[PDB]
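Some notes on the structure that comes next.
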Amino acid sequence: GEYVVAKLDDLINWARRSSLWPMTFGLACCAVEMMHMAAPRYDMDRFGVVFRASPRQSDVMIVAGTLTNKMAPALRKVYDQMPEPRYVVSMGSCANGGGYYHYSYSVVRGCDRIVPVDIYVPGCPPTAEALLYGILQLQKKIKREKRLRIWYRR
Amino acid sequence: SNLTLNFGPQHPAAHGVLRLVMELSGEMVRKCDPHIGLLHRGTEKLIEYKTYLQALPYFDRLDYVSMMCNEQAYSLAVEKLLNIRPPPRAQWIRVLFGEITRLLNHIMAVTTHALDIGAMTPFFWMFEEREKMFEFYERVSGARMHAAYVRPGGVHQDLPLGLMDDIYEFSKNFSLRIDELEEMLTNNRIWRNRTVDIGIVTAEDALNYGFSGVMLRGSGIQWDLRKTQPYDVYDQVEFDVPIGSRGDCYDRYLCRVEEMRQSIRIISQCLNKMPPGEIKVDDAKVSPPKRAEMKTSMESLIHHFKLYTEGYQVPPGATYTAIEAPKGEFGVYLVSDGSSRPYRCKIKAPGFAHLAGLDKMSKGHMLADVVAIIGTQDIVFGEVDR
Amino acid sequence: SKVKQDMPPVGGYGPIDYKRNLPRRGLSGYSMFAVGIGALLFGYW
Amino acid sequence: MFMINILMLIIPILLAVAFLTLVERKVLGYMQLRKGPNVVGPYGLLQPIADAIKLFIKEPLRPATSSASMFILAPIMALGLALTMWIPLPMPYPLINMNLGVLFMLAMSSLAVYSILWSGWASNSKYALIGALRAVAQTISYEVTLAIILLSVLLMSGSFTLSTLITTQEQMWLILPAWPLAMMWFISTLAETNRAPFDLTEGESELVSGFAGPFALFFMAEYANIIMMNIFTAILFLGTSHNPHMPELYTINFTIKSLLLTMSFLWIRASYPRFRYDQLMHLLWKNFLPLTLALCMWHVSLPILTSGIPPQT
Amino acid sequence: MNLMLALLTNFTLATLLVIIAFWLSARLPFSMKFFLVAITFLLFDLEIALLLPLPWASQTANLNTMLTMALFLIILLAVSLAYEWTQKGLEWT
Amino acid sequence: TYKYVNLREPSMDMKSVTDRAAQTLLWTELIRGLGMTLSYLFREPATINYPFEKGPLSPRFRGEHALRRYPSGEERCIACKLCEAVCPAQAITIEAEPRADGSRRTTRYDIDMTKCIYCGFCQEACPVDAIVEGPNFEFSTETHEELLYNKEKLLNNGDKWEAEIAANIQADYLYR
Ligand SMILES: CCCCCCCCCCCCCCCCCC(=O)OC[C@H](COP(=O)(O)OCCN)OC(=O)CCCCCCCCCCCCCCCCC
Ligand SMILES: CCCCCCCCCCCCO[C@@H]1O[C@H](CO)[C@@H](O[C@H]2O[C@H](CO)[C@@H](O)[C@H](O)[C@H]2O)[C@H](O)[C@H]1O
Ligand SMILES: N=C(N)NC(=N)NCCc1ccc(I)c(Cl)c1
Ligand code: SF4
Ligand code: SF4
Ligand code: SF4
């Protein structure tokens with residue numbers, strides 16, 4: 001029982017982190033470096049992170065750019081339509097905490113006011129390599145999960 | 001009926017999110033209502049609380065595919081109100097990196113234009129080239145995109161030794177890369193079926209709707225601000241302006257591909273004609289002195305201290321200054337009240353007028369022709385929304 | 001010391017191509033049809 | 001022993017489909033100057049397994065269909081019919097040697113569209129039903145040319161038995177006498193299976209705002225159809241010589257041809273933009289169909305005027 | 001007997017995989033044109049039912065008659081296409 | 001000077017007409033495109049094996065911030081607040097007072113790394129090379145709060161990365 005649950009989490013954690021299908025909100029600048037992560041030099045697809053997905057087939061949402069008050073409701077709705085398990089990666093200063101528009105009347109001061117965030121990737125923009133480091137950091141975070149061990153001990 | 005085009009493609013794309021409210025009858029588009037503002041960040045109001053140096057990085061983040069070109073427009077506007085002149089080596093560097101930036105923009109414009117239509121392979125081939133040009137940005141500035149390199153007075157730093165040879169190496173092979181792109185698209189009957197006679201705009205309608213750049217030249221209008229109203233050293237380089245004949249998406253696509261070839265032609269002259277000398281105006285009341293001077297000379301330290309706190313004061317006045325940005329005429333209406341912070345800074349984004357013409361250009365076209373028409377205008381909602 | 005600055009080499013850089021180069025390949029339309037029909041006829045026989 | 005025979009057909013199909021996803025990603029990766037999967041397992045060999053497990057333990061959309069009875073029927077019909085199209089394929093010996101095998105596959109393939117419709121009704125959305133009617137209208141249109149092209153080729157074979165296509169091509173592939181039909185046949189299968197440059201459901205879905213396990217089953221059905229089309233194309237146009245004593249020699253050559261044909265859908269997807277919906281309809285009703293009708297006329301007359309009429313047996 | 005057992009296995013596995021995956025009236029504004037595509041398909045499909053016997057019809061002694069009627073049927077198929085074409089039944093604007 | 005991108009008149013001699021007819025019927029221009037993607041399949045990909053391989057950077061690269069020391073170990077920062085004044089994002093917060101030895105030093109030095117635009121203006125404004133943007137770019141965190149650096153974090157970054165920061169400064173200070 002205890003042994004099986006440990007190896008079973010190992011399996012599903014391996015599957016979910018080895019097949020991370022992202023939905024990217026290309027909101028602004030940071031989406032350019034996001035495209036460079038899909039470009040041949042880094043080739044995010046080689047890690048199992050597919051190129052195109054669809055909101056309803058996605059595992060991770062990458063908020064790549066500034067989130068304005070006008071866009072906030074639409075971003076929350078996409079997050080609400082994602083099937084679980086779902087993760088959010090906050091990419092760049094704007095999505096992290098408002099960044100260079102932090103004091104603007106029309107900017108959400110961090111996307112973590114709208115959705116829960118798993119990883120914060122600093123930079124303006126973070127380099128494509130910095131984003132890839134954050135994506136591989138999220139895989140390690142998933143590798144640490146213990147859904148069945150916790151469930152079995154309820 | 002009534003539709004709403006999605007915010008963006010399912011594949012990764014960097015140009016912003018659009019809310020397009022569409023009227024259709026059958027397959028035909030009856031009305032397009034672009035609802036923008038989804039990336040409006042109040043840049044112009046923020047600039048009013050910044051000194052003239054502090055506001056420069058805001059311009060990298062407008063048309064955030066043409067970073068240094070946006071910097072150059074702002075720098076020219078400030079240099080004009082200051083009544084100073086950047087040194088000749090800085091002007092050559094600014095034209096050199098202006099054309100490198102034009103390559104960056106046109107690769108993004110053309111290959112994402114194909115990527116949205118479904119021709120996705122050229123995107124991957126050509127962003128390996130963009131990756132190498134990001135290395136040029138990072139080597140002069142330390143940043144791959146938002147360099148903040150071009151500044152009123154010249155450029156922040158001089159080219160590192162060995163940079164020009166590497167730029168030559170890249171430029172040597174680039175025309176072949178354009179040739180491979182054309183092999184996939186230029187004569188492809190599917191690409192032509194998606195672009196030829198799509199989004200036709202007449203020369204007179206283009207002018208009255210406020211278009212600029214390729215949106216004018218695709219209709220046969222013989223206008224290029226680098227030729228007619230030259231800035232920096234553009235009057236010392238030789239290049240041809242591509243002109244279209246049918247005013248449609250296919251002719252504008254060819255113009256952008258030919259403009260890429262002319263940019264390589266211009267870069268070749270900048271590499272050969274780069275003169276020696278200083279990189280920022282030798283005027284420590286505008287451009288900060290060298291760090292070695294700041295640490296030895298009393299005058300230099302005072303001017304360093306004041307330039308990095310209060311900033312330089314700009315004589316009162318207002319200018320509208322524009323350049324031939326990769327996306328069309330990019331201008332700034334900059335108002336000075338005599339202090340060290342701008343009083344007003346309106347940004348003229350070429351895509352603002354272009355997206356206002358989408359309703360006109362899409363009349364009597366199919367739902368999928370709207371995809372191609374926003375593609376041919378090359379819209380970045382960072383500059384449309386400010 | 002002599003000023004040392006990123007400069008082009010003496011005599012300048014070599015030539016850089018830019019003009020479109022799509023080489024002409026293939027047979028004439030007559031040759032292509034003739035080959036296509038020849039293949040058909042051989043297959044028919 | 002017949003149950004065992006059924007299993008060594010069904011299970012190898014699903015494994016072949018699972019690893020076609022890997023091969024497609026890597027072939028497209030290298031054509032795009034990158035690599036594609038190469039971390040999850042050596043050379044990405046465990047990527048299909050990781051994807052499969054991920055999709056099945058993924059929470060369902062919780063959509064609330066308008067017809068539970070027919071929400072479930074759609075994927076069952078899609079995957080059940082896809083597996084059924086394999087039982088008359090001579091590789092070199094069919095699982096079931098059907099006298100009217102070609103009609104059987106033509107008849108079963110005509111039922112595939114029911115799953116597209118039934119998902120649209122089960123969608124419970126105006127936009128998803130409109131999309132389902134566009135996919136159906138495209139699929140049935142390109143069934144017209146496939147049926148006529150198929151018939152024109154059978155006039156040189158003389159039978160509806162699939163094994164007869166092997167005999168018909170003992171001395172020569174049928175691609176020689178009928179390469180004009182082979183071209184339109186190949187493109188019709190791309191359009192029929194809704195593959196790029198005809199992938200309109202994937203594209204127009206990517207436009208209109210509004211329009212995991214169940215996704216996986218639908219996906220496997222579509223990709224098992226891609227492999228079967230290319231196997232049928234090889235049997236139809238690139239017939240492999242069959243040696244009764246060395247039957248596995250036929251299987252090896254036949255499998256290589258099927259893989260190369262399957263890899264060519266990947267090749268084509270990497271190379272071209274997407275047609276516009278009205279443009280792929282003009283391709284069939286105004287280009288392929290007029291030429292297919294004229295070549296159907298030609299191929300009825302051709303055996304008669306050359307005295308090359310094949311036997312019934 | 002063998003075919004039914006093959007058919008049962010294919011669809012029984014499809015149901016088995018589906019259950020694991022899941023647990024363990026007015027006028028649509030859709031156009032007239034799309035209706036006429038379906039009806040065009042049906043009529044062409046019906047004329048294709050008549051051409052299917054052709055691979056057996058070619059063994060007949062009465063070839064002159066067979067060939068005349070085979071081409072006659074296909075030509076009417078061509079004329080049906082030509083009529084929809086010229087009556088703008090194939091246009092999508 | 002200008003040129004026409006699409007002003008060619010097709011030749012209407014039967015040979016040229018037949019050439020265009022062959023292109024339409026035999027898809028030759030589509031075959032040509034397939035050759036180009038085929039040629040890429042056999043090319044070496046541009047992908048690098050991250051994290052075992054890394055993208056090339058230069059000494060000027062603007063990465064994670066750090067506060068620097070003199071060789072004696074004394075802090076370089078003298079609380080002049082020029083970096084706080086120039087920061088385009090108002091990402092720096094400084095407080096200072098006389099140290100117990102009378103030295104002019106900071107008591108608060110915060111950088112909100114989620115406000116920062118990584119522009120490098122602070123390290124240009126600094127008169128003593130106290131604040132720099134280091135070469136580190138692999139410092140993403142799991143919480144927002146971990147990106148609000150205080151003086152202890154920034155001093156630790158300086159002690160952590162000084163070996164490389166000093167070398168990068170040595171390689172670029174003559175361009176500044
Ligand atoms: C001796 C007497 C003998 C009598 C008989 C003689 C016969 C003479 C006739 C010979 C020529 C017949 C050619 C038949 C091939 C089909 C031709 C065709 O339909 O192409 C035209 C079609 C339309 O293209 P478009 O540019 O829009 O033309 C304008 C139309 N209004 O264009 C298209 O189809 C576009 C297709 C786009 C998608 C293609 C992407 C893949 C391309 C590579 C596939 C290669 C095929 C591989 C075959 C594999 C087979 C196993
Ligand atoms: C190829 C066959 C492989 C079979 C392997 C069998 C292993 C079985 C272990 C299943 C573990 C699933 O783990 C669980 O899955 C469901 C959806 O799938 C997720 O989703 C669920 O949890 C969230 C919150 O936790 C709920 O709000 C949600 O309604 C629910 O769907 C859980 O977040 C995840 O913890
Ligand atoms: N990114 C995409 N949606 N396309 C794609 N290549 N999907 C492949 C995902 C998949 C689906 C079912 C199975 I069974 C397996 Cl093994 C893998
Ligand atoms: S964090 Fe920087 S690069 Fe990213 S969207 Fe904001 S300003 Fe642009
Ligand atoms: S890099 Fe720029 S935004 Fe960041 S702290 Fe320094 S001056 Fe402020
Ligand atoms: S870091 Fe430099 S500029 Fe900032 S307060 Fe300290 S000494 Fe002054």
Side-chain angles (χ1 to χ4, degrees), chain A residues 19 21 27-33 45 50-54 57 64-66 91-96 98-101 122-126, chain B residues 39 41 57-58 60-61 64 145-146 189-190 192-193 382, chain C residues 33 36-37 40-41 44, chain D residues 14 17-22 24-25 47-56 173 175 179-187 189-191 197-198 212 215-220 223 230 233-234 236-238 257 261 264 267-268 271-272 275 279-280 282-283 286-288 290-292 294-295 298 302, chain F residues 21-27 29-31 33-34 114 117-118:
Chain A
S19 189
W21 292 4
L27 298 180
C29 302
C30 277
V32 178
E33 290 280 20
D45 179 49
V50 301
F51 191 52
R52 43 169 316 161
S54 173
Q57 300 170 182
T66 313
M91 179 198 183
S93 297
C94 289
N96 284 346
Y100 192 41
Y101 317 88
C124 193
Chain B
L39 202 65
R41 299 162 295 184
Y58 274 121
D60 283 320
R61 293 149 173 90
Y64 49 69
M145 266 174 60
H146 295 335
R189 81 185 62 190
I190 309 171
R192 289 169 53 88
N193 277 346
Chain C
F33 284 124
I37 301 304
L40 288 181
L41 290 184
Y44 294 161
Chain D
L14 301 168
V17 172
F19 276 92
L20 179 57
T21 68
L22 170 61
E24 170 167 31
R25 282 168 80 166
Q47 188 70 81
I49 296 89
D51 287 347
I53 295 155
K54 187 268 287 182
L55 281 164
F56 270 99
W173 295 344
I175 196 155
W179 60 260
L181 293 168
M183 299 168 54
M184 294 182 286
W185 169 270
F186 193 68
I187 300 310
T189 64
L190 285 168
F198 309 91
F215 164 81
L217 305 177
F218 266 110
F219 182 93
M220 294 183 286
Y223 265 48
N230 295 124
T233 294
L236 193 64
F237 286 114
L238 314 163
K257 293 164 170 174
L261 281 179
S264 73
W267 190 4
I268 281 151
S271 306
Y272 301 133
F275 273 98
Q279 283 167 341
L280 70 89
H282 284 41
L283 181 59
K286 297 196 178 191
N287 288 264
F288 278 14
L291 265 163
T292 289
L295 281 160
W298 176 235
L302 167 79
Chain F
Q23 184 185 134
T24 291
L25 295 172
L26 308 179
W27 308 343
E29 54 94 9
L30 296 169
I31 306 312
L34 284 165
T114 72
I117 55 159
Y118 302 83

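Each ligand, and each atom within it, is numbered from 1 in the order the structure gives. In the text below, chain A, chain B and the rest are named by the order of the sequence lines, each starting its count at 1. Just the heavy atoms: all of them, side chains too, but no hydrogens, waters or symmetry mates, feed the values below.
Ligand 1 places these atoms under 4.0 Å from at least one heavy atom of F:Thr24: 20 (O), 21 (C), 28 (O). Applying the 4.0 Å criterion to heavy atoms of A:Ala28 picks out, from ligand 4, the atoms 5 (S).
One option in B:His146, A:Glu33, B:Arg61 has a heavy atom closer to atom 7 (S) of ligand 4 than any other, and that option is B:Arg61. Checking A:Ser93, A:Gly98, A:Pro126 against atom 1 (S) of ligand 4, the nearest heavy atom belongs to A:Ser93.
Shortest contact from atom 37 (C) of ligand 1 to any protein heavy atom: F:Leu30 CD1, 3.7 Å. Taking atom 46 (C) of ligand 1 as the reference point, the nearest protein heavy-atom neighbour is F:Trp27 CZ3, 4.0 Å. The protein non-hydrogen atom at the shortest distance from atom 17 (C) of ligand 1 is F:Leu25 O, 3.4 Å. The nearest protein atom to atom 29 (C) of ligand 1, hydrogens excluded, is given as D:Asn287 OD1, 4.2 Å; this is a heavy-atom distance. For atom 39 (C) of ligand 1, the closest non-hydrogen atom of the protein is D:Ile187 CD1, 3.6 Å. Of all protein heavy atoms, the one lying nearest to atom 27 (O) of ligand 1 is B:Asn193 ND2, 4.2 Å. What sits closest to atom 6 (C) of ligand 1 on the protein, heavy atoms only, is C:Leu40 CD1, 3.6 Å.
Using a cut-off of 2.8 Å, one finds that A:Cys30 contributes an N/O/S atom close to atom 4 (Fe) of ligand 4.
The closest approach between F:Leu34 and ligand 1 falls below 4.0 Å for a heavy atom of the residue. Ligand 1 has at least one atom lying under 4.0 Å from a heavy atom of D:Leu283. In this structure, D:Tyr223 does not count as a contact residue of ligand 3, since none of its heavy atoms falls inside 4.0 Å of the ligand. By the 4.0 Å heavy-atom criterion, D:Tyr272 is counted among the residues contacting ligand 1.
Neither the backbone nor the side chain of D:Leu238 comes within contact range of ligand 1; no heavy atom lies under 4.0 Å. Under 4.0 angstrom from ligand 1, the non-hydrogen atoms of D:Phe288 all belong to its side chain.
Considering backbone and side-chain N/O atoms, D:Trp298 never comes within less than 3.5 Å of an N/O atom of ligand 1. Polar contact with ligand 1: absent for C:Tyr44 (N/O pair, distance under 3.5 Å).
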